[PDB]
Amino acid sequence: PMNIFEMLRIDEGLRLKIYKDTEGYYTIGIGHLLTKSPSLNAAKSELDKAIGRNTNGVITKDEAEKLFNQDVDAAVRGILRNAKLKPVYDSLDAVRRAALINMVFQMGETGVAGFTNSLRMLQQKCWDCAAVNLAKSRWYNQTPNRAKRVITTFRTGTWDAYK
Amino acid sequence: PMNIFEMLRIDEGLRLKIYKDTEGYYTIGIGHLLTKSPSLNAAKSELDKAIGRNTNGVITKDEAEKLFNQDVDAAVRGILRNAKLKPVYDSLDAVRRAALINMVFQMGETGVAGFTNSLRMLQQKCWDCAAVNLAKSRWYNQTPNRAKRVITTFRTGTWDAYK
Amino acid sequence: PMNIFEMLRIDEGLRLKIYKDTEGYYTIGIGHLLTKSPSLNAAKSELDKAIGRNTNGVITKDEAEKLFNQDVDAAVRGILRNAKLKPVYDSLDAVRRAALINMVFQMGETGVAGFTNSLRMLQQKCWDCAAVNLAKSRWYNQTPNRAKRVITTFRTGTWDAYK
Ligand SMILES: [Cl-]
Ligand SMILES: [Cl-]
Ligand SMILES: [Cl-]
Ligand SMILES: [Cl-]
Ligand SMILES: [Mg+2]
Ligand SMILES: [Mg+2]
Ligand SMILES: [Mg+2]
Ligand SMILES: [Mg+2]
Ligand SMILES: [Mg+2]
Ligand SMILES: [Mg+2]
Ligand SMILES: [Zn+2]
Ligand SMILES: [Zn+2]
Ligand SMILES: [Zn+2]
Ligand SMILES: [Zn+2]
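Chains as they are written, first to last, in PDB author numbering: chain B, 0 to 162; chain B', 0 to 162; chain B'', 0 to 162. A prime marks a further copy of an entry chain.
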């Protein structure tokens with residue numbers, strides 16, 4: 000099965016039980032923030048309310064997909080309120096939009112809006128020209144494995160780099 | 000009001016009275032050459048004949064626009080006689096042609112014909128690819144403020160960088 | 000007269016009599032391998048069988064064109080069996096396919112498949128963007144005269160660089 004959830008499970012990873020992030024709060028699933036901070040009881044309370052069952056604090060893969068899919072909806076909402084990202088997002092097909100959401104989850108919207116020239120080439124359907132330009136970035140140098148997969152997605156509009 | 004005259008008033012500047020240029024003759028308006036050289040009476044004579052009124056040597060903004068618009072017509076005529084520039088100029092819309100005329104006023108037609116790769120991308124309607132390539136030039140490094148505005152014009156075909 | 004034979008006669012050269020190549024066997028025409036190796040009688044035997052007349056070992060220009068045209072057919076067959084090259088080759092017009100065959104004769108299919116980004120831009124009909132990218136290669140630095148002609152062919156789809 001290949002979709003946005005599986006895409007981020009590969010790029011970011013899955014955590015089926017509560018953990019702490021890099022400075023520094025309680026998290027679950029694919030980067031789902033629960034509370035800030037530092038009592039585990041408050042985070043365990045936020046968990047049960049969010050899923051709608053008994054847990055302390057362990058979930059399933061289907062439950063984690065439910066949390067992640069709500070984050071994507073909130074992310075899409077964010078992108079649509081941003082004048083710098085809305086025209087790109089609008090012009091793209093569903094799979095190329097997943098590559099743009101993947102980037103937003105990694106660096107935030109201010110970071111993604113920084114990819115102006117490449118985002119504009121994508122808008123013009125210059126897939127290959129944008130692929131070449133995206134690979135000449137600091138993002139590509141620092142996380143090349145993730146960046147190569149995201150670039151293939153923007154280039155093809157298929158899930159090929161994740162299969 | 001936004002047009003080619005206002006565009007060059009911003010990039011090059013307006014002189015409502017006679018002056019001397021960088022080596023070295025009598026000039027008025029947006030770089031309008033009067034005579035070479037060095038008597039101010041000959042230049043003042045050329046002025047009155049060109050406008051069709053009394054002046055020694057001071058003009059209005061509307062009079063300066065008349066002189067400038069004649070230079071653009073002569074510039075367009077020059078571009079059309081050039082095999083290297085005519086195909087680009089022909090393919091462009093009115094606002095993108097103003098960006099190309101702006102470049103010709105800054106560096107001359109031999110200088111602009113030197114932008115071969117970028118001019119060809121413009122011909123293919125590869126706006127964004129040409130914007131990126133134009134920014135990687137010595138012209139961009141030496142006059143970045145003017146170059147950024149001209150590049151936005153080539154990219155959009157709107158007057159946005161001048162409003 | 001301008002076609003693929005004349006194109007390679009310019010880029011690689013014509014040999015109307017048997018010779019030895021750079022390590023190291025008997026060759027004729029535009030790089031046509033006869034046998035490996037090292038008896039000239041075996042090569043002279045292979046020659047007569049291939050052309051269908053008396054020779055030891057000297058041919059005409061029309062006979063050399065016959066040998067070369069068989070190599071192009073074998074080259075096209077090779078490209079079509081390659082998943083990395085078949086989609087590009089299919090999308091191109093006859094003259095742009097001749098530029099791609101020229102590259103295959105110079106560096107082989109593994110070498111040409113290495114031009115991924117540029118081949119993809121050609122597929123998208125981004126002629127000018129691919130021309131710029133192809134010129135930024137080691138191939139261009141090592142053989143610029145040949146590379147410039149091949150790049151003009153990919154850019155225009157005309158024989159202009161060879162006329
Ligand atoms: Cl492209
Ligand atoms: Cl573009
Ligand atoms: Cl192009
Ligand atoms: Cl490009
Ligand atoms: Mg989506
Ligand atoms: Mg990585
Ligand atoms: Mg105009
Ligand atoms: Mg400046
Ligand atoms: Mg052919
Ligand atoms: Mg050479
Ligand atoms: Zn392109
Ligand atoms: Zn483009
Ligand atoms: Zn292009
Ligand atoms: Zn491009």
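Heads up, the beta-carbon is just placed ideally off N, CA and C, and yes, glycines get one too.
Cβ-heavy atom distance, residue i to ligand 1, below 7 Å
i, result
"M120 (chain B'')", "yes"
Residue range of the beta strand (DSSP E) that includes residue i
i, result
"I27 (chain B'')", "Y25 to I27"
"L39 (chain B)", "Premise fails: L39 (chain B) lies in the alpha helix (DSSP H), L39 to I50, not in any beta strand (DSSP E)."
"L15 (chain B'')", "That residue, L15 (chain B''), is in no beta strand (DSSP E); it is neither H nor E in DSSP."
"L66 (chain B)", "Here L66 (chain B) belongs to no beta strand (DSSP E); instead the alpha helix (DSSP H) covers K60 to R80."
"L84 (chain B'')", "Looking at the DSSP string, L84 (chain B'') is not in any beta strand (DSSP E), and its letter there is neither H nor E."
"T34 (chain B'')", "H31 to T34"
Sub-8 Å separation of residue i and residue j beta-carbons
i, j, result
"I58 (chain B'')", "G28 (chain B'')", "yes"
"residue 163 (chain B')", "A49 (chain B')", "The displayed coordinates of chain B' run from 0 to 162. Any statement about residue 163 (chain B') would go beyond what the structure contains."
"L7 (chain B)", "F153 (chain B)", "no"
"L79 (chain B'')", "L121 (chain B'')", "no"
"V94 (chain B'')", "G156 (chain B'')", "yes"
"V149 (chain B')", "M102 (chain B')", "yes"
"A146 (chain B)", "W158 (chain B)", "no"
"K16 (chain B)", "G77 (chain B)", "no"
"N144 (chain B)", "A112 (chain B)", "no"
"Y161 (chain B)", "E5 (chain B)", "yes"
Ligand 3 heavy atom lying under 7 Å from the CB of residue i
i, result
"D127 (chain B'')", "yes"
"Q123 (chain B')", "yes"
Near ligand 4: residue i beta-carbon under 7 Å from a heavy atom
i, result
"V87 (chain B)", "no"
"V111 (chain B'')", "no"
"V131 (chain B'')", "yes"
Option in the options with minimal Cα separation from residue i
i, options, result
"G110 (chain B'')", "B'':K83, B'':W126, B'':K124 and B'':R96", "B'':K83"
"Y25 (chain B)", "B:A42, B:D70 and B:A73", "B:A42"
"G30 (chain B')", "B':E11, B':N40 and B':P37", "B':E11"
"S117 (chain B)", "B':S117, B':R145 and B':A129", "B':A129"
"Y18 (chain B'')", "B'':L46, B'':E5 and B'':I9", "B'':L46"
"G23 (chain B'')", "B'':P37, B'':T142 and B'':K16", "B'':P37"
"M106 (chain B'')", "B'':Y161, B'':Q141, B'':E5 and B'':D89", "B'':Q141"
"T151 (chain B')", "B:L133, B:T115, B:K135 and B:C125", "B:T115"
"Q69 (chain B')", "B':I100, B':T54 and B':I9", "B':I100"
"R14 (chain B'')", "B'':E64, B'':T34 and B'':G51", "B'':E64"
"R119 (chain B)", "B:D89, B:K162 and B:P143", "B:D89"
"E108 (chain B'')", "B'':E5, B'':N40, B'':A134 and B'':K85", "B'':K85"
"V71 (chain B')", "B':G51, B':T54, B':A97 and B':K60", "B':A97"
Near ligand 7: residue i beta-carbon under 7 Å from a heavy atom
i, result
"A97 (chain B')", "yes"
"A93 (chain B')", "yes"
Residue i beta carbon near ligand 8 (any heavy atom closer than 7 Å)
i, result
"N144 (chain B')", "yes"
Residue i Cβ short of 7 Å to ligand 9 heavy atom set
i, result
"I3 (chain B'')", "yes"
Delimiting residues of the alpha helix (DSSP H) encompassing residue i
i, result
"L7 (chain B)", "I3 to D10"
Could you pull out every unbroken alpha helix (DSSP H) segment of at least 4 residues lying fully inside the region 120 to 162 of chain B, listed in chain order?
126 to 133, 137 to 141 and 143 to 155
Alpha helix (DSSP H) segments (min. 4 residues) lying fully within the region 96 to 121 of chain B'':
108 to 112
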